[PDB]
A.B. asks: 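Quick one: the structure is below, questions incoming.
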Amino acid sequence: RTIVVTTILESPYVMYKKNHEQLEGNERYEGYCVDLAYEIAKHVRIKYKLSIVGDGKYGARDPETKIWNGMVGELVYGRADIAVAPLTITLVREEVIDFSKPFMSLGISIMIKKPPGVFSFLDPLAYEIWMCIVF
Amino acid sequence: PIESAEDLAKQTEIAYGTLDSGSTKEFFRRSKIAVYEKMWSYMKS
Amino acid sequence: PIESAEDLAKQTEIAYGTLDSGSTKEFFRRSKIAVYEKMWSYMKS
Amino acid sequence: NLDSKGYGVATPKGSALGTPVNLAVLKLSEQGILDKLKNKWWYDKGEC
Amino acid sequence: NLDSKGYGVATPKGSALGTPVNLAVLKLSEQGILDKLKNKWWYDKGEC
């Protein structure tokens, strides 16, 4: 009857609350994805039980073992019903699980750490202007 | 210092990485573009 | 830095409160406008 | 961005929840619920 | 923009071309074909 919904700990999708240790069930977590799961289960009449994935991974097929892990492994082997999480739609995943339409767009990006001269008086004019002024 | 992925791939003093099992890792793994192939070779090695 | 009541609810570094027994505490307690119960639940705990 | 893609709600193949979940996602998208959730959790919580 | 959505390649409900077309769209997406086509037909052809 009750439907288990796998997910992963990731800001701002699923977060532990400030007093999560004093709370039990879906009240422990907060974020974008818990609200998304709440709205989804409000639309289709189901009662859900959020469950963080055991190994804390998103899902990949082992080249040799040929066994999925993460949330894709949770879904493939019947240990979960719905994966409300930042799970990317990919060709390798689409062949083993069913993805709904995208609920958020994104892309791969590079993250780096954040980070005037003595002749700054020479700046408000272009170098060509200075050369032409001398000429 | 860095403005594109090509600049990141050409340089050597600044390393780069990603998640072990996530869509970016397999994106670089099975990419057929020269710059992304170079980046995958660097990250694998 | 703050210019409205929504700025108080949207931030975390600056705290806010009111009298323990007064019309303001009850206004925040029984309000049903989302920002108001947001800032009420903030200072309730 | 190195490419363009998106997140999805995944269910096991052949599950009975696929169509209802897809329609729920579409309903949330058209009502603006996804947009306001993103504004609530990314932009409104900027502390910088 | 007032909202976010996208174009889809539509087929009749229950048609045998559904899943193959979906997989073809995904394959074209991962290989950069869609991005290349958009650049070719929008930017590279910029006339301003």
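Below, chains carry the letters A, B, ... as their sequence lines are ordered, and counting in each starts from 1. All values below were derived from every heavy atom in this structure, side-chain atoms included, with hydrogens, water molecules and symmetry-related copies excluded.
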A.B. asks: If you count every heavy atom of other residues, nucleotides or ligands that lies below 6.0 Å from A:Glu27 atom CD, does the total exceed 12?
C.D. replies: no

A.B. asks: Counting heavy atoms not belonging to A:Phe121, are there more than 12 under 6.0 Å from its CZ?
C.D. replies: yes

A.B. asks: If you round to the nearest 0.5 Å, how far is OG of B:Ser21 from CD of B:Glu26?
C.D. replies: 7.5 Å

A.B. asks: According to a 4.5 Å side-chain heavy-atom criterion applied to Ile, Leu, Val, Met, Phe, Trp and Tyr, with indirect links allowed, do D:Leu28 and A:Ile46 form part of one hydrophobic cluster?
C.D. replies: yes

A.B. asks: Test side chain to side chain donor-acceptor pair (under 3.5 Å) on A:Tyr58 and A:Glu10 and set out the steps.
C.D. replies: CA-CA 11 Å; A:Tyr58 288 94; A:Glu10 186 90 38; 2.4 Å; yes

A.B. asks: Examine B:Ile2 and A:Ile108 and state if one hydrophobic cluster contains both, with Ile, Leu, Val, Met, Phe, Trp and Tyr joined whenever side-chain heavy atoms are less than 4.5 Å apart.
C.D. replies: yes

A.B. asks: Hey, could you give me the OH/OG1 distance between C:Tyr42 and C:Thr12, rounded to the nearest 0.5 Å?
C.D. replies: 8.0 Å

A.B. asks: Taking everything shown except D:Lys36 itself, do over 12 heavy atoms lie less than 6.0 Å from its NZ?
C.D. replies: yes

A.B. asks: Any heavy-atom pair between the side chains of C:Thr18 and C:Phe27 that's under 4.5 Å?
C.D. replies: no

A.B. asks: Measuring from A:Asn26:CG to A:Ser51:OG, what's the distance to the nearest 0.5 Å?
C.D. replies: 10.5 Å

A.B. asks: Which heavy atom of A:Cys33 sits nearest to which heavy atom of A:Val14, and what is that distance?
C.D. replies: CB-CG2, 4.0 Å

A.B. asks: How long is the span from the OH atom in B:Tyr16 to the CZ atom in B:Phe28, to the nearest 0.5 Å?
C.D. replies: 8.0 Å

A.B. asks: Please report the interatomic distance CD(A:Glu74) to CD1(A:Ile52), rounded to the nearest 0.5 Å.
C.D. replies: 10.5 Å

A.B. asks: Taking atom types as modelled, find out whether A:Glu94 and E:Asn22 have a side-chain donor-acceptor pair closer than 3.5 angstrom.
C.D. replies: yes

A.B. asks: Are more than 12 heavy atoms, taken from residues, nucleotides or ligands other than A:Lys49, located less than 6.0 Å from that residue's NZ atom?
C.D. replies: yes

A.B. asks: Under 3.5 Å, side chain of C:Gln11 to main-chain N/O of C:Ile14, donor-acceptor pair present?
C.D. replies: yes

A.B. asks: Take the angle between the ring planes of A:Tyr13 and D:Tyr7 and call it parallel below 30°, perpendicular above 60°, tilted in between.
C.D. replies: perpendicular

A.B. asks: Is it the case that the side chains of B:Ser4 and B:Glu6 hold a donor-acceptor pair, with the cut-off being a distance below 3.5 Å and no angle test?
C.D. replies: no

A.B. asks: What do you reckon, is CD of C:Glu3 surrounded by more than 12 foreign heavy atoms closer than 6.0 Å?
C.D. replies: no

A.B. asks: With hydrophobic residues grouped by side-chain heavy-atom distances under 4.5 Å, do A:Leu125 and A:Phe119 end up in a single group?
C.D. replies: yes

A.B. asks: So which heavy atom on A:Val53 is nearest to which on A:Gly70, and how close?
C.D. replies: CG2-C, 3.7 Å

A.B. asks: About how many Å separate CZ of A:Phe103 and CG of D:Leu34, when rounded to the nearest 0.5 Å?
C.D. replies: 8.5 Å

A.B. asks: With the 4.5 Å side-chain cut-off for hydrophobic clustering, are E:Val21 and E:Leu26 part of the same group?
C.D. replies: no

A.B. asks: What side-chain donor-acceptor pairs closer than 3.5 Å can you find for residues 40-48 of chain E, not counting sequence neighbours?
C.D. replies:
none

A.B. asks: If we ignore hydrogens and angles and just use 3.5 Å, is the side chain of B:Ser45 paired with the main-chain N or O of B:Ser41 as donor and acceptor?
C.D. replies: yes

A.B. asks: Begin from the C-alpha positions of A:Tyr38 and A:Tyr48 and carry the test ring pair (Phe, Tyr, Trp, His ring centres under 6.0 Å) through to its verdict.
C.D. replies: CA-CA 8 Å; A:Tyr38 163 94; A:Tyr48 61 106; 7.4 Å; no

A.B. asks: I'd like to know if the side chain of C:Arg29 and the backbone of C:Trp40 have a donor-acceptor N/O pair within less than 3.5 Å.
C.D. replies: no

A.B. asks: Yes or no on salt bridge (charged side-chain N to carboxylate O under 4.0 Å, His left out) for A:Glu24 and A:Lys17, after CA distance, side-chain angles and deciding distance?
C.D. replies: CA-CA 11 Å; A:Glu24 177 43 60; A:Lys17 277 193 180 177; over 6 Å; no

A.B. asks: Are there more than 12 heavy atoms of other residues, nucleotides or ligands under 6.0 Å from atom NZ of A:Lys101?
C.D. replies: no

